[PDB]
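Given next, in structure tokens, is a single chain: the form deposited in one PDB entry.
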């Protein structure tokens, strides 16, 4: 929980869903749900995204 990347892309719009790509990098800031995590895009936008549609980085 700190750095995750999407390998399925989705692009929501933000303000409710962090738009990612099929291999985008993000950071885990909050986690209200279990399936959706509040990660921040490289832009610094706090939005929820699917954990199954993304992974973690090292």
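Numbering follows the first chain given and starts at 1.
This protein has a second form, the form deposited with a partner chain bound, left out of what is shown; the following refers to that one.
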- Task: Indicate whether the partner chain has at least one heavy atom within 4.5 Å of a heavy atom of residue 19 in the entry with it bound.
- Result: no
- Is there a non-hydrogen atom of residue 35 within 4.5 angstroms of a non-hydrogen atom of the partner chain in the entry with it bound? yes
- Message: Check residue 40 for me: does it contact the partner chain in the entry with it bound (non-hydrogen atoms, 4.5 angstroms)?
- Response: no
